[PDB]
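Let me begin by presenting the structure, written as structure tokens, before commenting on it.
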Amino acid sequence: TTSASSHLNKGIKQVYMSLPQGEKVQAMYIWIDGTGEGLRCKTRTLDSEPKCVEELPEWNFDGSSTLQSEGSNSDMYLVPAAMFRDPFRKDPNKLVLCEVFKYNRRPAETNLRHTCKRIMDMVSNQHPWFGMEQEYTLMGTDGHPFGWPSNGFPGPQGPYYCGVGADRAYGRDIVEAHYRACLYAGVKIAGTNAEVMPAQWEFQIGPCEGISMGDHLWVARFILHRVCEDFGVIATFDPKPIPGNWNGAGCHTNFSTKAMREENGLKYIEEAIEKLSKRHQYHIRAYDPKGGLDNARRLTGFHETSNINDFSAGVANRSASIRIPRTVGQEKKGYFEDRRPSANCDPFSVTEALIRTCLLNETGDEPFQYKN
Amino acid sequence: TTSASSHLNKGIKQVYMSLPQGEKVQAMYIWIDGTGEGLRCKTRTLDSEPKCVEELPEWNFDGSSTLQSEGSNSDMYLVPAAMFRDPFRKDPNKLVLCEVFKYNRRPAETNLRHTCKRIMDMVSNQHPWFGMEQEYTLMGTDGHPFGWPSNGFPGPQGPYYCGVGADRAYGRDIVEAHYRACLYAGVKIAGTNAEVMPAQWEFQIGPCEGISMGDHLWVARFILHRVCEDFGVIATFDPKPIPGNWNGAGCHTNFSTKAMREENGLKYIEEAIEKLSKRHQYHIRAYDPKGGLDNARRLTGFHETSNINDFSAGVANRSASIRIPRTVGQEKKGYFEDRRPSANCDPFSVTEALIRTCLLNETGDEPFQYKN
Amino acid sequence: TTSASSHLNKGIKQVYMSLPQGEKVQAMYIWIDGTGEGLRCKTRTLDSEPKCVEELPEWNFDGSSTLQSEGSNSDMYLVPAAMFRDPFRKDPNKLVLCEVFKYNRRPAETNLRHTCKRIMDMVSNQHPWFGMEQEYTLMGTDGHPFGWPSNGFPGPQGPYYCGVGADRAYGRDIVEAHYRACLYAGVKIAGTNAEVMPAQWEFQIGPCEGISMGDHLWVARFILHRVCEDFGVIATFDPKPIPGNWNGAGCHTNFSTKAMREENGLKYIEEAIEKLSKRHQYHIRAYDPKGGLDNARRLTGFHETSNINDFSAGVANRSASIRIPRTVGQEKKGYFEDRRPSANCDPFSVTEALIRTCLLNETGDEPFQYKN
Amino acid sequence: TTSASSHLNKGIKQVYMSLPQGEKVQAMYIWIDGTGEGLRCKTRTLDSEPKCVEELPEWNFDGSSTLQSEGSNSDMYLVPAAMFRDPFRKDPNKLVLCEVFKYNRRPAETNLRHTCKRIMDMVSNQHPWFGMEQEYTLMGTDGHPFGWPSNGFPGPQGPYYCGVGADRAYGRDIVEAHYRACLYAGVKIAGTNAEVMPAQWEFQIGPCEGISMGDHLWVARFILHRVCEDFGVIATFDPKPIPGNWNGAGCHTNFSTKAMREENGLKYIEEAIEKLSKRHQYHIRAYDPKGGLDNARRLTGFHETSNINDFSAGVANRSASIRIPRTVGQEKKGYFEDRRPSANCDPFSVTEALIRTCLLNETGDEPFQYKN
Amino acid sequence: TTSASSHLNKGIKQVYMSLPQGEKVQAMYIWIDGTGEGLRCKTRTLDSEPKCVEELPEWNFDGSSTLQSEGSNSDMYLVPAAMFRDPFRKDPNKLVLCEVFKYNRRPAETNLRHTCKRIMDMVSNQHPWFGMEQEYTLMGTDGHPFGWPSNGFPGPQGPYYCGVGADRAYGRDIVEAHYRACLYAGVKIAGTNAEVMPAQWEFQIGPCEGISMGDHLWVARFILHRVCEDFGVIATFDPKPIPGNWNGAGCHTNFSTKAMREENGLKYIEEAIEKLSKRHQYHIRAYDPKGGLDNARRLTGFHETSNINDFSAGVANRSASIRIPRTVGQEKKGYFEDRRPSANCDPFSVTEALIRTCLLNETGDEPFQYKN
Ligand SMILES: Nc1ncnc2c1ncn2[C@@H]1O[C@H](COP(=O)(O)OP(=O)(O)O)[C@@H](O)[C@H]1O
Ligand SMILES: Nc1ncnc2c1ncn2[C@@H]1O[C@H](COP(=O)(O)OP(=O)(O)O)[C@@H](O)[C@H]1O
Ligand SMILES: Nc1ncnc2c1ncn2[C@@H]1O[C@H](COP(=O)(O)OP(=O)(O)O)[C@@H](O)[C@H]1O
Ligand SMILES: Nc1ncnc2c1ncn2[C@@H]1O[C@H](COP(=O)(O)OP(=O)(O)O)[C@@H](O)[C@H]1O
Ligand SMILES: Nc1ncnc2c1ncn2[C@@H]1O[C@H](COP(=O)(O)OP(=O)(O)O)[C@@H](O)[C@H]1O
Ligand SMILES: [Mg+2]
Ligand SMILES: [Mg+2]
Ligand SMILES: [Mg+2]
Ligand SMILES: [Mg+2]
Ligand SMILES: [Mg+2]
Ligand SMILES: [Mg+2]
Ligand SMILES: [Mg+2]
Ligand SMILES: [Mg+2]
Ligand SMILES: [Mg+2]
Ligand SMILES: [Mg+2]
């Protein structure tokens with residue numbers, strides 16, 4: 001059910017961690033791996049506490065161990081990009097998110113922040129905002145959802161959405177610890193709730209400005225993985241973890257600009273939606289690390305989902321693939337929600353695709369190569 | 001016996017919860033389900049601590065999954081009504097109880113605090129007071145009462161009422177934690193005691209004036225469910241959890257007015273009882289969430305219970321439909337107790353029916369006209 | 001072996017008990033039930049901290065559940081008698097001992113404090129002092145002594161009296177916790193030691209004047225029951241728990257008066273012993289809740305016990321019915337010990353009979369009825 | 001879970017049963033108790049092997065222990081009615097089914113065979129034939145269906161009907177043993193199959209003539225109970241053991257006479273159905289051991305059942321109350337089926353009601369007192 | 001629950017017991033110890049198979065180990081009295097029941113067959129017949145009844161008497177094995193049934209003539225003990241093993257003579273009843289191994305038992321001290337039943353007392369010496 005490491009005595013760990021540290025500081029480097037969905041990390045000591053992200057050194061790792069290079073020139077580079085406070089070691093320790101490069105100082109295949117930042121630099125004038133809702137399922141060490149009957153199923157759906165009670169919610173300790181850890185670290189977490197099927201949860205981040213959204217999301221999921229490791233369970237972002245009559249997991253994203261946020265933005269929202277209506281296949285390709293075969297499992301037209309190759313829009317409709325909140329419609333200003341993306345999406349890719357389609361008016365099936 | 005969640009290590013949870021929070025504040029929203037006897041909740045972050053229930057925003061939820069709407073017009077509203085301190089995440093965090101309205105901004109089917117408040121407003125002058133006694137049973141995850149022998153029974157009744165000892169009281173930790181948490185939160189809890197069958201307990205709320213009774217009781221129920229979830233057991237309000245020669249569970253209500261309290265209260269008490277004597281079927285219908293089917297299994301005439309179809313009153317008689325305390329009878333002032341309502345009743349409905357029948361001098365088998 | 005409640009996580013309980021209370025305070029009422037040996041309790045909240053036992057209101061309970069009345073007029077009365085401060089909830093909470101009356105406002109059958117206090121205050125001038133040694137057996141939830149081999153026995157007696165090893169003493173945690181709890185509450189506890197048979201212990205209380213003996217002993221018994229409930233074991237006062245070649249349980253009593261305790265008090269000690277020599281059957285009947293059937297199984301002339309119906313006395317003779325300490329004999333001052341009472345005796349009855357026979361002068365098979 | 005008795009070593013019992021018997025013989029008596037749905041048994045020793053049911057003597061039992069009489073005149077009589085070979089002890093030992101009589105020689109309250117025999121005798125010319133389909137569910141000692149996940153459910157329905165494999169058929173050994181034992185005993189068992197709900201099964205008895213149908217069915221039930229006791233599981237005939245979206249249990253009955261079995265009997269079948277369509281309420285009341293409240297939980301129009309308050313007929317319609325097999329319809333002769341009776345019905349009552357309504361042309365609400 | 005020796009592999013033993021024996025024969029001796037209710041046994045080898053009990057030789061044992069002598073003159077004699085076939089080792093091995101004498105060749109204290117034989121020889125001409133019903137309870141090694149919930153109780157009484165099913169009959173395999181072993185051995189066993197309390201059973205021995213009754217009953221007790229040892233459980237004959245609202249155990253006895261058996265024996269039956277009605281205390285003293293202390297705990301007036309201090313008679317009344325079967329009453333010949341003796345009685349004493357009081361017209365509280 002749970003891993004062997006979770007059966008050790010944690011009082012010993014607390015006793016050891018209670019010791020005073022001294023004068024030197026710990027820093028943890030984190031980066032994306034070659035599969036486009038994993039994460040890796042390492043630790044090193046520093047002589048004094050940094051005050052900003054740009055006053056700490058670069059590093060390197062062995063690329064042949066993460067299938068990002070060959071043995072002859074396995075060396076790769078790590079360049080810091082953003083830093084936060086460390087909730088597992090407390091102040092003055094830090095967490096560092098880095099960018100990958102090849103031995104010739106060129107971005108790696110799975111490095112998309114490089115282009116996303118350049119794209120954001122152009123529209124900084126109107127400075128949009130993003131907010132995403134991440135869903136996940138807690139799994140045991142034997143390949144079954146945590147807390148489910150051994151080789152069986154719980155009752156039918158209907159009582160588990162936003163439920164309270166020992167027979168209606170599984171694993172709230174993880175959620176509470178994750179919430180507090182994100183708040184302490186400095187990730188702007190906005191809320192949480194339980195999902196339709198048991199052992200399924202959700203948390204939301206934002207609104208975030210420009211490039212910071214992807215960094216915030218990535219650090220949040222790193223923290224989730226670390227906490228789950230502490231408790232001895234597994235967190236998975238698979239879009240369809242359990243086949244059959246059980247809901248899937250998505251990553252709905254909310255978007256707005258200054259024009260929409262101002263008075264009478266509904267017309268701008270409408271024009272943006274009409275622009276989006278003509279790039280369905282391009283966006284579907286963008287929203288998946290494997291081109292869309294993963295999202296093919298989830299999007300089937302039922303269980304509060306729309307069809308893979310059908311575009312629609314509406315107000316208060318949760319199966320339209322794009323919806324306007326009723327309050328937003330009534331007030332004639334706000335944002336709109338896109339609910340095609342999958343749970344294992346890449347925030348940089350999704351955000352860049354949306355920005356390109358909406359603000360730069362470009363069309364086709366291949367992104368415009370370069371802009372000044 | 002106990003849930004899998006209860007077998008995780010709680011020291012980790014404690015160390016995570018001991019971190020400083022910062023400047024943000026957490027708030028939990030609670031509302032009543034579409035079946036009339038369930039609860040749901042979810043959380044959000046706020047920029048600063050509120051100091052009144054009128055200075056925090058509204059929200060919404062998906063009604064399709066709570067059995068109160070359909071997909072096309074699923075969205076529903078939430079309007080805060082009362083506020084308390086959060087005992088699970090201490091200050092400055094809060095918890096909020098709210099009402100439910102549908103898309104056209106009309107009260108939902110299961111919302112009755114609206115009318116209850118509207119009528120308490122017009123009855124205000126008499127300053128009515130209420131007090132209620134809630135009973136419940138503790139159950140394991142396998143469907144048997146907590147602590148009972150596996151596929152068996154404990155000894156016969158008689159030594160379990162207000163008992164002390166490892167062989168006479170089951171699950172006192174839950175009770176102690178629940179009472180302390182209620183006091184911290186600010187609910188008007190008045191006491192507790194053990195009941196006739198083992199693993200059965202009770203707590204009392206009040207006295208409180210007017211509309212506050214319902215929200216106090218509902219918040220106490222939510223706190224109990226949360227504490228039981230933390231410990232890994234289930235709390236049920238079923239009127240007849242175990243068939244046979246075992247006691248049921250009820251919700252005795254106490255009623256009073258300023259005239260009955262100041263002096264010569266028996267004169268008003270007797271006439272109120274007389275007026276209540278001729279609305280038996282109406283009150284029985286009001287006291288149940290499903291028209292009275294559930295209560296039929298409890299009220300049978302024995303086990304210190306009155307019959308369903310018979311009305312009675314007396315002094316110090318615990319087998320009647322209405323009881324008058326001996327001290328009240330002696331001192332000529334006080335209150336009287338109604339023993340018909342079942343353990344899974346709705347306080348809003350109960351108090352509304354009581355006020356209508358007693359103080360408004362109404363009659364008939366139908367709810368009265370819109371106003372009074 | 002141990003109860004199911006003992007297998008819950010107590011860190012959660014401590015965390016919930018680690019919250020501030022506020023302005024309101026809790027009081028726990030305790031009284032003796034209709035069997036003459038059981039205890040019951042209830043809790044209620046007060047607006048402010050009481051300063052003396054005279055500030056507490058009276059209360060009531062349902063006598064049909066406790067086997068002391070009928071459902072028609074089950075209601076009884078509770079009137080506080082003594083007050084201590086609660087060691088399970090810390091300051092400013094309290095626990096209060098009460099005596100029971102019938103609905104006529106007269107004492108109940110098992111209420112003996114009423115006459116005991118009246119007799120005590122009639123000889124108060126003499127300043128009588130009492131001390132009692134209470135012993136008990138720790139039992140598992142399956143009906144066997146705690147820590148004993150499953151269905152087996154430990155070695156023969158001889159090494160367990162005041163043993164100091166893991167193979168010589170069973171359950172010292174309970175003993176230490178009980179000692180500290182009594183000291184914090186304010187009971188007049190004087191010492192403890194392990195007994196001849198494994199898993200058997202004893203504690204001493206006194207000396208205290210007049211009517212305080214019964215109150216102190218009863219409150220100590222309640223505290224022991226609560227602590228054992230916390231740890232998940234059972235404490236029993238049965239005079240002969242294990243049949244065969246194993247020691248029994250008794251409650252020796254020490255008695256003193258101002259006349260004695262002075263220079264050459266041995267004269268009065270011997271005079272009182274001779275006076276007591278005449279009422280053996282009366283004292284034997286008094287010393288047992290059920291007239292002496294229980295004490296028959298213990299008093300058999302073996303294991304340092306005297307015969308049931310044979311009176312004897314001597315200095316430093318532990319096999320006699322009455323014993324005088326050797327130091328008392330050497331100094332010619334002090335007290336004498338009565339070894340007849342059984343472990344489940346009633347202090348009020350025992351002390352009243354002792355004073356009747358020693359300070360007052362009474363004879364015959366019945367007590368003097370006209371208040372003396 | 002399974003019973004404690006099932007964990008003993010059965011090789012010892014086999015070794016003991018291998019002993020040669022001798023010249024004495026054993027006989028087991030079986031009868032119905034006061035609840036109307038229970039069986040009891042006991043054993044006697046005989047001097048020689050009987051050749052027919054006429055050679056066995058009468059006996060008696062204490063009726064105060066089966067709630068069938070009072071303690072003053074508790075004696076009741078047993079009169080043998082049918083005989084079979086014993087499959088648990090093998091030849092020459094016997095099984096005997098008996099009728100119950102009162103101390104004054106009047107039939108007991110739950111003795112319907114007495115009237116059924118006369119009713120069947122008065123219509124011996126037609127040579128009626130009957131056939132019943134008994135459905136049942138296997139349960140563990142913990143109260144859940146055998147083989148189901150602990151506190152959980154198996155997959156949705158559809159693959160279990162007439163299933164084969166370790167994951168779609170639970171407990172086939174019991175079915176095999178029961179079939180073989182019935183064949184050895186001499187009961188007319190026609191077939192068996194697995195049912196829609198996992199752990200649910202069915203077996204068919206018939207065709208039998210006249211009064212023998214009830215005897216065969218009762219003996220079959222007894223043998224099933226004994227086999228399940230040997231294996232350590234429980235067999236329940238409750239119409240609706242699991243609430244929700246799961247199948248119930250019925251006791252469909254097949255009926256025909258010589259005229260119907262002859263050529264062009266479809267006319268007789270149709271007129272019988274016609275005259276049967278008038279006494280729906282009477283037949284519903286007769287088809288229940290308690291009166292019909294039990295069958296109300298199964299007949300609701302769902303999962304291949306007709307509504308309790310409506311009467312309907314058809315050829316291939318399995319949702320109607322009466323059905324006519326397609327083969328019968330094509331060939332113009334045969335039998336017809338009744339699908340109303342519940343799983344825990346009494347065959348004597350069912351057959352008596354069918355005969356009275358169809359062949360004796362009775363009408364009204366109360367049975368004709370004498371003769372028909 | 002079950003003993004360690006019952007967890008061994010029994011196939012090995014079964015393999016070993018299949019070896020051909022040879023020309024030697026084993027014989028096991030059985031005798032009653034000094035407590036008056038315990039059995040002992042041992043085995044020896046014989047050269048040839050004996051044909052009658054007179055061919056077996058004498059033997060001896062060490063009485064110091066059975067508390068029947070002292071260490072100096074410890075030797076005691078054994079004299080064969082009856083012979084049976086061995087069911088545990090099969091033919092041609094034997095069982096032998098013996099009498100006990102001390103070193104000077106006269107009966108020991110607990111040897112009553114010596115006197116019973118002479119008393120029976122005195123009245124041989126009347127051909128008395130006896131029959132007894134033995135009740136017993138099965139227990140685990142932990143001290144609780146076999147199959148009972150761990151530290152709990154099953155449902156209330158009512159369904160267990162003569163029950164069938166996994167949930168209402170505990171340990172039928174032992175009953176079956178004991179029945180078959182007795183039949184093979186040659187004991188006159190007449191039947192068996194399940195009793196009111198779960199795990200309680202009964203078997204009937206008779207009708208035996210004269211002195212053979214005690215021999216048959218003792219051998220049956222021994223066989224039951226050996227079978228239970230094989231299965232790993234304990235059989236206890238205590239009259240009241242479980243205090244409370246649970247049935248006790250008795251050893252009812254049935255008696256007749258040739259005159260009673262012949263026509264119009266009712267006069268002799270009632271004559272004997274009236275003759276017995278005036279020696280209640282003497283018979284109560286004789287019907288116990290310790291003067292009647294044990295039986296006092298069973299006879300209390302309820303649970304179909306008569307009061308210890310009263311004598312009664314009637315027809316078909318199971319609450320009286322004596323009873324005449326309704327069949328006997330309807331006819332004018334038969335037998336009568338005495339329900340006073342306890343489960344742990346001695347058949348020799350019971351039969352001797354009945355004969356002396358009913359056929360020798362003895363009087364007083366002492367037995368007449370020598371012949372009558
Ligand atoms: N003006 C805005 N621009 C972008 N995102 C916004 C804006 N206002 C709110 N959001 C985001 O919308 C999200 C709301 O998600 P959620 O409450 O789960 O909506 P729903 O449950 O109705 O899909 C929040 O994460 C928030 O950050
Ligand atoms: N004047 C009053 N008006 C209304 N309710 C009152 C008044 N005084 C006391 N009560 C209520 O009466 C209740 C007493 O309940 P409880 O003591 O459990 O009743 P019982 O003694 O029948 O068990 C308390 O919850 C309290 O709030
Ligand atoms: N003057 C006195 N009057 C009454 N009791 C006394 C007096 N002096 C001591 N005692 C009591 O005698 C009790 C028994 O002492 P204890 O240590 O048990 O000695 P022992 O075990 O040898 O009997 C103590 O609890 C003490 O309070
Ligand atoms: N001529 C007949 N008269 C009465 N009953 C019959 C006749 N022929 C067959 N039956 C009965 O019909 C039943 C058919 O059982 P089954 O095939 O399970 O029914 P279904 O086809 O509805 O599942 C058998 O139990 C059999 O005894
Ligand atoms: N003629 C008789 N003389 C003596 N004993 C008899 C006679 N007939 C039957 N019995 C005895 O009756 C006993 C059976 O009684 P039982 O069936 O237990 O009756 P119940 O259970 O109603 O008390 C047998 O042990 C048998 O020895
Ligand atoms: Mg959301
Ligand atoms: Mg959304
Ligand atoms: Mg109350
Ligand atoms: Mg009350
Ligand atoms: Mg001492
Ligand atoms: Mg002492
Ligand atoms: Mg069928
Ligand atoms: Mg059919
Ligand atoms: Mg019998
Ligand atoms: Mg009998």
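By order of appearance in the structure tokens: chains A, B, ..., then residues from 1 within every chain, and ligands from 1 in the order shown.
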- Item | Nearby polymer residues, ligand 8, at most 8 Å, only C-alpha atoms and all ligand atoms, as an MDAnalysis selection string | chainID B and resid 133 193 202:204 252
Just-selected residues, N, CA, C and O atoms written as a CSV table (one decimal), in the first residue's frame:
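And here's result34.csv as it stands now:
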chain,number,residue,atom,x,y,z
B,133,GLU,N,-30.9,19.1,21.8
B,133,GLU,CA,-30.1,18.0,22.3
B,133,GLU,C,-29.9,17.0,21.1
B,133,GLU,O,-30.8,16.4,20.7
B,193,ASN,N,-22.9,14.1,27.4
B,193,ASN,CA,-23.0,12.9,28.3
B,193,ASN,C,-23.1,11.7,27.4
B,193,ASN,O,-23.4,11.7,26.2
B,202,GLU,N,-24.2,12.3,23.3
B,202,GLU,CA,-25.1,13.4,23.1
B,202,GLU,C,-24.4,14.7,23.5
B,202,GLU,O,-23.5,14.7,24.4
B,203,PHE,N,-24.7,15.8,22.8
B,203,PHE,CA,-24.3,17.2,23.2
B,203,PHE,C,-25.5,18.1,23.1
B,203,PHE,O,-26.4,17.9,22.3
B,204,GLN,N,-25.4,19.2,23.9
B,204,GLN,CA,-26.5,20.2,23.9
B,204,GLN,C,-26.0,21.6,23.5
B,204,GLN,O,-24.9,22.0,23.8
B,252,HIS,N,-34.4,16.3,21.0
B,252,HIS,CA,-35.4,17.0,21.9
B,252,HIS,C,-35.1,18.5,21.8
B,252,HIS,O,-34.0,19.0,22.0
From a DSSP pass on the backbone, collect the residues of range 90-277 of chain C flagged as strand (DSSP E) and hand them back as a CSV table (one decimal) with C-alpha atoms, in the first residue's frame.
chain,number,residue,atom,x,y,z
C,94,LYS,CA,-13.1,21.5,38.0
C,95,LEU,CA,-14.8,18.3,39.0
C,96,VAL,CA,-17.4,18.1,41.7
C,97,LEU,CA,-18.7,15.3,43.9
C,98,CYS,CA,-22.5,15.2,44.6
C,99,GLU,CA,-25.0,13.2,46.7
C,100,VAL,CA,-28.4,12.1,45.4
C,101,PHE,CA,-31.9,12.7,46.7
C,129,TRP,CA,-8.4,10.8,61.9
C,130,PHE,CA,-8.6,8.1,59.3
C,131,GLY,CA,-6.3,6.5,56.8
C,132,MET,CA,-7.0,3.7,54.2
C,133,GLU,CA,-4.8,1.6,52.0
C,134,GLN,CA,-6.6,0.6,48.7
C,135,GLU,CA,-5.4,-2.2,46.4
C,136,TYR,CA,-6.5,-3.3,43.0
C,137,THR,CA,-5.8,-5.6,40.1
C,138,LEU,CA,-5.1,-4.5,36.5
C,139,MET,CA,-7.0,-6.6,34.0
C,189,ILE,CA,-2.2,10.8,48.5
C,190,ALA,CA,0.6,9.4,50.6
C,191,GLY,CA,2.4,6.5,48.8
C,192,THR,CA,2.3,3.5,46.6
C,193,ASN,CA,3.9,0.0,46.3
C,194,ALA,CA,3.6,-3.2,44.4
C,200,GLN,CA,-1.4,-6.0,41.8
C,201,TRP,CA,-0.7,-2.6,43.3
C,202,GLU,CA,-1.9,-0.4,46.2
C,203,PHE,CA,-1.9,3.3,47.2
C,204,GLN,CA,-2.5,5.1,50.5
C,205,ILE,CA,-4.5,8.1,51.3
C,206,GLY,CA,-4.7,10.2,54.5
C,207,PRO,CA,-4.7,11.0,57.3
C,208,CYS,CA,-7.8,13.4,57.0
C,209,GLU,CA,-10.3,14.5,59.5
C,234,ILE,CA,-9.5,-2.3,33.4
C,235,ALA,CA,-9.1,-1.8,37.2
C,236,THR,CA,-11.1,-4.1,39.5
C,252,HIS,CA,-7.0,-1.8,55.6
C,253,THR,CA,-8.1,1.1,57.8
C,254,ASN,CA,-6.1,3.2,60.3
C,255,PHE,CA,-7.9,5.1,63.1
C,256,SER,CA,-6.8,7.7,65.6
For chain A, work out the contacting residues on chain D at 7 Å, counting only C-alpha atoms, and write them as a PDB file with N, CA, C and O atoms, in the first residue's frame.
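The new file iface35.pdb reads:
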ATOM      1  N   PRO D 149     -15.186  -7.428  -2.360  1.00  0.00           N
ATOM      2  CA  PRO D 149     -14.081  -6.711  -1.716  1.00  0.00           C
ATOM      3  C   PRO D 149     -14.493  -6.189  -0.350  1.00  0.00           C
ATOM      4  O   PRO D 149     -15.646  -5.821  -0.122  1.00  0.00           O
ATOM      5  N   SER D 150     -13.529  -6.165   0.567  1.00  0.00           N
ATOM      6  CA  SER D 150     -13.799  -5.723   1.928  1.00  0.00           C
ATOM      7  C   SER D 150     -14.357  -4.307   1.930  1.00  0.00           C
ATOM      8  O   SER D 150     -13.648  -3.351   1.598  1.00  0.00           O
ATOM      9  N   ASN D 151     -15.627  -4.163   2.304  1.00  0.00           N
ATOM     10  CA  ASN D 151     -16.306  -2.876   2.382  1.00  0.00           C
ATOM     11  C   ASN D 151     -16.451  -2.199   1.024  1.00  0.00           C
ATOM     12  O   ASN D 151     -16.681  -0.988   0.961  1.00  0.00           O
ATOM     13  N   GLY D 152     -16.330  -2.950  -0.068  1.00  0.00           N
ATOM     14  CA  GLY D 152     -16.402  -2.370  -1.395  1.00  0.00           C
ATOM     15  C   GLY D 152     -17.378  -3.076  -2.312  1.00  0.00           C
ATOM     16  O   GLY D 152     -18.253  -3.811  -1.848  1.00  0.00           O
ATOM     17  N   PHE D 153     -17.237  -2.860  -3.617  1.00  0.00           N
ATOM     18  CA  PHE D 153     -18.109  -3.448  -4.618  1.00  0.00           C
ATOM     19  C   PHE D 153     -17.284  -4.035  -5.751  1.00  0.00           C
ATOM     20  O   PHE D 153     -16.149  -3.607  -5.984  1.00  0.00           O
ATOM     21  N   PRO D 154     -17.820  -5.015  -6.467  1.00  0.00           N
ATOM     22  CA  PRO D 154     -17.203  -5.456  -7.719  1.00  0.00           C
ATOM     23  C   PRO D 154     -17.633  -4.544  -8.866  1.00  0.00           C
ATOM     24  O   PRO D 154     -18.333  -3.554  -8.674  1.00  0.00           O
ATOM     25  N   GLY D 155     -17.207  -4.905 -10.076  1.00  0.00           N
ATOM     26  CA  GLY D 155     -17.483  -4.101 -11.232  1.00  0.00           C
ATOM     27  C   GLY D 155     -18.963  -4.081 -11.576  1.00  0.00           C
ATOM     28  O   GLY D 155     -19.780  -4.770 -10.955  1.00  0.00           O
TER      29      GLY D 155
END
- Task: Go through D:240, D:3, D:346, D:282 one by one, measure the shortest atom-to-atom distance of each to residue 364 in chain D using only C-alpha atoms, and give the residue with the smallest value.
- Result: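 Of D:240, D:3, D:346, D:282, the one nearest residue 364 in chain D is D:282, counting only C-alpha atoms.
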- Message: I'd like the neighbourhood of residue 72 in chain A as a list in words, where a residue qualifies if any of its atoms comes within 12 Å (using only C-alpha atoms), though same-chain residues fewer than 2 positions away should be ignored.
- Response: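 Contacts, in chain order: residues 62, 63, 64, 69, 70, 74, 75, 76 and 103 of chain A.
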